[PDB]
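**Student:** In terms of the working numbering, the sequence shown is residues 18 to 177.
What follows is a structure written as structure tokens; I'll ask about it next.
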Amino acid sequence: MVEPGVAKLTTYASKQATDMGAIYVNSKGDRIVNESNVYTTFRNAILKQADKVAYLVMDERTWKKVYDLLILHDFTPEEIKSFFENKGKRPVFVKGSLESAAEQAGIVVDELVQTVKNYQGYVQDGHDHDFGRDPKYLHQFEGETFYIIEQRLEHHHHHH
């Protein structure tokens, strides 16, 4: 708790997310990296494109784990729900429909709509297109609500 105001979704939560079948996209909406292999591959995937920020797009069944693991570590509901607030800039923790969550996060809707219909299309096809993931690890985003978590770099602006 003595840490310099670390206001970011931490490693374990983004690991259990891609474990479920969640993806990382850019501010356009194209998948920069499918899996949380290592922060190096993930960070170069951010640095590969011009719009250098990631957005961990997950479903709500994924979030039931993520939200719980935060409060388990003692990252209170007040912290979590505060990243859903559009104050100063866009929400860090975003929720809603696919297009709705795109508008709130500020991602290009068309680009991620492609990315999700590509994803959900090739999952049930069995043949991936996301860096070489096996069909059995491929999982369509199940849930009415898409949670889009803005993954910025390590050092960034935080409350206090």
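In this text, a Cβ means the ideal position worked out from N, Cα and C, and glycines have one as well.
#1: Which one of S44, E77, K81 and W80 has the shortest CA to CA distance from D68?
#2: Select from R107, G149 and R78 the residue whose C-alpha is nearest the C-alpha of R48.
#3: What are the boundary residues of the beta strand (DSSP E) that includes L73?
#4: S99 and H176 - do their beta-carbons sit closer together than 9 Å?
#5: Could you pull the DSSP bridge partners for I97 from this structure?
#6: What is the DSSP secondary structure of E116, counted as helix, strand or coil?
#7: In the DSSP assignment, find the beta strand (DSSP E) that holds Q168 and state where it starts and stops.
#8: Determine which residues share a DSSP beta bridge with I40 and list them.
**Tutor:** Answer, in terms of the structure:
#1: Position 51 of the sequence shown, counting from 1, holds the residue named residue 68. Selected option, being the one with the closest Cα: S44.
#2: Mapped onto the sequence shown, residue 48 falls at position 31. Of the candidates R107, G149 and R78, the one whose C-alpha sits nearest the C-alpha of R48 is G149.
#3: The residue you call residue 73 lines up with position 56 of the sequence shown. First-last of the beta strand (DSSP E) with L73: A71 to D76.
#4: As a working note, residue 176 is residue 159 in the sequence shown. As a working note, residue 99 is residue 82 in the sequence shown. Cβ atoms of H176 and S99: closer than 9 Å.
#5: For the purposes of this step, residue 97 is taken as residue 80 along the sequence shown, with counting starting at 1. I97 is not bridged to any residue.
#6: Stepping through the sequence shown from its first residue, residue 116 is reached at position 99. Reduced to three states, the DSSP call for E116 is helix.
#7: Working through the sequence shown from its first residue, we reach residue 168 at position 151. Segment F163 to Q168, the beta strand (DSSP E) holding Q168.
#8: The residue given as residue 40 occupies position 23 in the sequence shown. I40 is bridged to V74.
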